[PDB]
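With the deposited numbering applied, the sequence shown corresponds to residues 33 to 273, 280 to 534, in that order.
Note that the Cβ used here is the ideal one computed from N, Cα and C, for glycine as well.
Working notes, beginning with the structure itself.
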Amino acid sequence: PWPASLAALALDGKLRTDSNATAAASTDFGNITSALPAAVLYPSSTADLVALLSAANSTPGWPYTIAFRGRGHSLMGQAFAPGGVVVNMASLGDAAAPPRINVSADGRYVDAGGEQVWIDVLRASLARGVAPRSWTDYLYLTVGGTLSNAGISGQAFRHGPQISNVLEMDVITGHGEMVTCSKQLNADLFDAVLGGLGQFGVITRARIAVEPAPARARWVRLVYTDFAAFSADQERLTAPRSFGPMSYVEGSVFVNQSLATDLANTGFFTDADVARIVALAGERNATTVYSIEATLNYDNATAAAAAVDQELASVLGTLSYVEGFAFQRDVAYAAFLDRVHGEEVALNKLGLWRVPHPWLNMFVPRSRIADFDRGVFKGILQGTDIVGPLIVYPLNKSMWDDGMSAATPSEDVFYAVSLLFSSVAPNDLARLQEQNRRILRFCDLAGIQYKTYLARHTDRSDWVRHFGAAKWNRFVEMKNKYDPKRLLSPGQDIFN
Ligand SMILES: *[C]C1=C([C])[C]=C2N=[C@@]3(C(=[C])[C]/[C]=N/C4=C5[N][C]=NC5=N[C]=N4)C(=O)[N]C(=O)N=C3N([C][C]([O])[C]([O])[C]([O])[C]OP([O])(=O)OP([O])(=O)O[C][C]3O[C](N4[C]=NC5=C4N=[C]N=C5[N])[C]([O])[C]3[O])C2=[C]1
Ligand SMILES: *[C@@H]1O[C@H](CO)[C@@H](O[C@@H]2O[C@H](CO)[C@@H](O)[C@H](O)[C@H]2NC(C)=O)[C@H](O)[C@H]1NC(C)=O
Ligand SMILES: *[C@@H]1O[C@H](CO)[C@@H](O[C@H]2O[C@H](CO)[C@@H](O)[C@H](O)[C@H]2NC(C)=O)[C@H](O)[C@H]1NC(C)=O
Ligand SMILES: *[C@H]1O[C@H](CO)[C@@H](O[C@@H]2O[C@H](CO)[C@@H](O)[C@H](O)[C@H]2NC(C)=O)[C@H](O)[C@H]1NC(C)=O
Ligand SMILES: *[C@@H]1O[C@H](CO)[C@@H](O)[C@H](O)[C@H]1NC(C)=O
Ligand SMILES: *[C@H]1O[C@H](CO)[C@@H](O)[C@H](O)[C@H]1NC(C)=O
Numbered sequence: 033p034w035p036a037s038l039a040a041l042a043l044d045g046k047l048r049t050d051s052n053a054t055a056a057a058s059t060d061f062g063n064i065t066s067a068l069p070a071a072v073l074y075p076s077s078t079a080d081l082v083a084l085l086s087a088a089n090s091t092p093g094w095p096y097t098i099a100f101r102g103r104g105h106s107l108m109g110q111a112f113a114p115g116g117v118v119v120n121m122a123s124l125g126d127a128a129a130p131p132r133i134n135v136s137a138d139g140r141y142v143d144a145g146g147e148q149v150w151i152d153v154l155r156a157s158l159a160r161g162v163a164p165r166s167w168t169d170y171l172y173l174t175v176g177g178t179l180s181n182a183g184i185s186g187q188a189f190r191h192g193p194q195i196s197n198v199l200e201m202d203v204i205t206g207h208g209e210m211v212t213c214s215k216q217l218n219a220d221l222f223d224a225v226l227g228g229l230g231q232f233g234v235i236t237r238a239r240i241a242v243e244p245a246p247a248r249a250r251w252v253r254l255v256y257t258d259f260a261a262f263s264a265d266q267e268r269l270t271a272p273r280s281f282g283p284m285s286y287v288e289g290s291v292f293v294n295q296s297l298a299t300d301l302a303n304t305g306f307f308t309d310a311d312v313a314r315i316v317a318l319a320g321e322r323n324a325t326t327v328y329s330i331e332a333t334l335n336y337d338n339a340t341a342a343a344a345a346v347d348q349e350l351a352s353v354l355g356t357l358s359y360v361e362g363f364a365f366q367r368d369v370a371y372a373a374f375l376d377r378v379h380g381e382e383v384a385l386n387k388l389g390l391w392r393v394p395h396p397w398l399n400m401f402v403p404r405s406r407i408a409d410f411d412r413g414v415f416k417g418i419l420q421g422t423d424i425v426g427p428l429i430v431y432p433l434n435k436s437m438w439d440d441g442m443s444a445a446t447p448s449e450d451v452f453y454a455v456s457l458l459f460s461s462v463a464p465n466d467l468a469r470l471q472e473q474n475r476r477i478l479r480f481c482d483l484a485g486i487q488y489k490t491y492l493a494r495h496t497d498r499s500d501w502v503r504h505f506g507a508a509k510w511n512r513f514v515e516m517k518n519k520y521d522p523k524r525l526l527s528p529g530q531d532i533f534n
């Protein structure tokens with residue numbers, strides 16, 4: 033038997049079983065794994081989500097796992113529901129009204145539906161002169177999706193990840209109950225869901241912190257051939273003072295074998311800049327080149343320009359990049375934030391965007407980053423042609439709430455390391471997959487206490503080590519409380 037509300041969804045054509053629907057929700061950005069669901073839900077309101085979850089919660093023996101598809105940027109099927117039901121979250125925002133993004137009257141925050149993509153949260157905020165403080169490198173991701181992970185970019189060192197910039201949320205648990213939570217209300221759910229990997233319920237609304245919107249961003253890249261100087265400078269720029283003046287700080291690694299090509303593909307350096315950097319590497323006999331990427335946000339004041347120059351000159355004076363290797367660009371704030379969109383459009387036309395992405399994302403404690411550099415950037419990765427950015431930058435643990443579900447190293451400073459490999463060449467995917475296991479194996483043998491991010495483990499003992507035994511027990515407790523049937527986001531392979 034079907035509950036009245038569940039059957040109603042079928043009549044209205046919200047529950048689709050046709051191969052067209054199920055196929056679209058069977059693949060993700062990773063383009064490595066795939067799994068067909070039994071059906072796809074195209075909800076028009078949060079009421080439809082309650083109906084589905086209430087049904088599953090009340091129906092004994094309910095055999096349908098449920099996942100919430102934001103924009104499917106998952107890499108290894110985290111948004112699939114094998115033989116289950118996939119919720120097409122975007123459907124919540126098709127109705128021209130009411131709005132799914134509402135900037136508060138006082139301009140202190142912005143309410144956004146869990147299905148909304150950050151690029152739109154940004155446009156709706158800028159219209160009101162404000163903007164979120166913490167981002168992801170790419171804006172075409174959903175609010176609920178990044179919040180289910182962490183959401184990190186070059187601003188996290190001073191504002192923490194996106195999960196540290198949420199005032200409250202509306203969540204529908206695995207029991208089908210609508211609950212509003214925050215640090216002062218149903219905190220248990222609030223903490224569990226943030227970085228919760230969609231295991232406790234679906235986020236329908238998230239209240240995101242905002243700050244006055246800067247007009248422009250002075251964007252710079254500094255070049256190094258010495259990793260010690262590179263990492264020391266990133267740490268200096270992101271160290272607590280209160281923080282330095284930089285609004286964003288990330289870094290990049292360029293292996294020698296594909297140096298000229300990777301520098302050109304940054305979309306930042308001119309061919310003249312590239313030639314100078316390639317010559318520098320040859321002079322130093324470097325097998326790797328490093329670049330710090332940073333910005334300084336500022337407004338359209340009359341003195342702003344001159345002030346930014348002074349501020350930058352001052353900051354750069356405290357650094358140790360190679361003399362004369364500082365490169366600047368000045369752009370509108372929104373242009374900087376949406377910089378990766380340009381990369382997608384480009385690569386997609388060449389058929390180089392929708393290809394396998396055996397990405398490796400991890401947090402490495404500061405005390406072992408130099409060892410990681412030697413073993414990976416100067417070791418394992420040498421002798422290969424790399425297409426895709428190799429991003430590395432420090433984060434401050436003080437901005438992360440360990441009470442939340444996100445797991446991080448124990449050190450005060452740890453690095454986000456994102457090796458965004460693209461299997462652009464033919465079946466070059468097997469090589470890349472084996473290479474990532476080799477990197478992980480190298481870290482295990484060297485005793486590096488890293489934490490994987492954006493990855494799902496197919497073995498229980500691995501998830502326990504990921505969270506940590508005590509934190510794991512907590513995760514399980516919260517699981518037996520909000521989704522005892524183990525139906526939500528089975529693609530994480532945690533309880534499924
Ligand atoms: C695809 C992608 C891209 C493209 C990007 C990104 N980004 C990031 C990273 C990793 C990095 C990268 N970078 C880059 C760069 N730079 C320069 N250049 C370049 N290129 C490229 N790239 C950032 O930045 N950061 C971070 O943190 N991250 C990221 N990412 C990742 C993301 O975030 C993820 O994927 C998430 O997931 C989100 O997404 P979405 O789509 O939204 O979602 P999905 O997949 O669909 O799903 C997931 C999960 O969750 C859950 N859910 C959803 N929704 C919801 C939920 N729950 C609850 N509630 C709600 N609402 C599901 O179920 C699953 O499980 C990237 C990517
Ligand atoms: C320039 O750098 C290269 C690579 O870092 C150096 O070549 C390595 O030299 C060591 C010691 O002789 C060998 O064990 C490696 O096998 C060499 N690299 C490879 C794999 O080709 C080179 O010595 C440096 N130039 C000098 C002499 O200063
Ligand atoms: C960096 O990579 C290049 C390959 O792009 C290496 O190749 C250079 O040296 C080779 C050995 O003598 C020559 O056969 C190549 O023609 C020459 N190519 C270049 C860069 O012009 C280079 O040796 C590598 N350097 C290091 C430090 O490993
Ligand atoms: C942001 O504010 C708008 C305006 O109040 C909200 O719109 C209401 O949405 C509910 C259901 O979500 C409807 O029942 C009301 O009729 C809507 N109000 C109007 C225009 O009559 C919206 O839900 C809020 N969303 C956010 C960003 O949290
Ligand atoms: C990978 O993407 C290609 C191109 O869109 C598609 O034909 C193929 O089915 C995808 N494979 C997986 C595992 O999703
Ligand atoms: C400041 O002026 C610039 C250039 O005219 C414009 O792009 C920007 O949006 C303005 N900022 C404000 C006050 O919205």
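Opening and closing residue of the beta strand (DSSP E) in which residue i lies
| i | result |
| --- | --- |
| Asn181 | First-last for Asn181: undefined, no H or E at that position. |
| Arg253 | 248 to 256 |
| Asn52 | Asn52 -> not in any beta strand (DSSP E); alpha helix (DSSP H) instead, spanning 51 to 56. |
| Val211 | 210 to 214 |
| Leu398 | 398 to 403 |
| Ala163 | 162 to 164 |
| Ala70 | Where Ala70 is concerned, there is no enclosing beta strand (DSSP E), given that its DSSP letter is neither H nor E. |
Neighbourhood of residue i by C-beta distance below 6 angstroms, restricted to the same chain and skipping five residues each side
| i | result |
| --- | --- |
| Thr97 | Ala113, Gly116, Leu525, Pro528 |
| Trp510 | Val502 |
| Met108 | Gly62, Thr65, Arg494 |
| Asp202 | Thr212, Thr236, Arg237 |
Same chain, Cβ closer than 7 angstroms to residue i, neighbours up to 5 away in sequence not counted
| i | result |
| --- | --- |
| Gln266 | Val287, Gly289, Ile330, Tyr431, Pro432 |
| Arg322 | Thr257 |
| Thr59 | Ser66 |
| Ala298 | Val312, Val316 |
Paired residues, beta bridge with residue i - DSSP
| i | result |
| --- | --- |
| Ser86 | Answer is none; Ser86 lacks a bridge partner. |
| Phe100 | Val119 |
| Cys481 | None, per the DSSP bridge assignment. |
| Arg239 | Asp143, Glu200 |
| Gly289 | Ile330 |
| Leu428 | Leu457 |
| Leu217 | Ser214 |
| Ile133 | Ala144 |
| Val462 | Its beta-bridge partners do not exist; DSSP assigns none. |
| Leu433 | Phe452 |
| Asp337 | According to DSSP, which records beta bridges pairwise, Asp337 is partnered with nothing at all. |
| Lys489 | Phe401 |
| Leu47 | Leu73 |
Extent of the continuous alpha helix (DSSP H) to which residue i belongs
| i | result |
| --- | --- |
| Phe505 | 498 to 505 |
| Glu349 | 342 to 354 |
| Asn386 | 377 to 387 |
| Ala188 | 188 to 191 |
| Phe259 | 259 to 270 |
| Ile407 | 407 to 410 |
| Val153 | 150 to 158 |
| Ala298 | 297 to 302 |
| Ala364 | Not the alpha helix (DSSP H): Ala364 falls in the beta strand (DSSP E), residues 364 to 370. |
| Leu318 | 309 to 322 |
Own chain residues within Cβ distance below 8 angstroms of residue i, not counting five before or after
| i | result |
| --- | --- |
| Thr205 | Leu85, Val211, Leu221, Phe232, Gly233, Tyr520, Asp521 |
| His191 | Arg165, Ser166, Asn197, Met437 |
Within the structure, which residues are defined as neighbours of ligand 6 by a Cβ-heavy atom distance below 7 angstroms, reported in chain order?
-> Going along the chain, the residues that qualify are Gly161, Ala247, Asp337, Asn338, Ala370.
Cβ contact (3+ pairs, closer than 8 angstroms) linking the segment 174 to 193 and the segment 154 to 162 | no
Pocket of ligand 2 defined by Cβ to heavy atom distance under 6 angstroms = Every residue with a CB closer than 6 angstroms to a heavy atom of ligand 2 is listed here in chain order: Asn323, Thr325.
Nearest-residue set for ligand 4, Cβ under 5 angstroms from any heavy atom = Of all residues, those with a beta-carbon under 5 angstroms from at least one heavy atom of ligand 4 are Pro130, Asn134, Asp143, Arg237, reported in chain order.
Give me every residue whose Cβ sits closer than 5 angstroms to any heavy atom of ligand 5, in chain order.
-> Working through the chain, the matches are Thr59, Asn63, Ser66, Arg392.
Per the contact definition of three or more C-beta pairs closer than 8 angstroms, is the segment 299 to 306 in contact with the segment 389 to 396?
-> no
Can at least three beta-carbon pairs, one atom from the segment 62 to 69 and one from the segment 128 to 140, be found at a separation below 8 angstroms?
-> As far as the Cβ criterion goes, the segment 62 to 69 does not touch the segment 128 to 140, which means the pair count is below three.
Stretch-stretch touch, CB-based, cutoff 8 angstroms, three pairs: the segment 362 to 370 with the segment 404 to 421 = no
Contact between the segment 146 to 154 and the segment 364 to 384: three or more CB pairs below 8 angstroms?
-> Segments in contact, yes.
Could you tell me whether the segment 367 to 376 touches the segment 455 to 466, where touching means 3 or more Cβ pairs closer than 8 angstroms?
-> no
Looking at C-beta atoms only, is the number of pairs between the segment 306 to 317 and the segment 347 to 354 that lie closer than 8 angstroms three or more?
-> no
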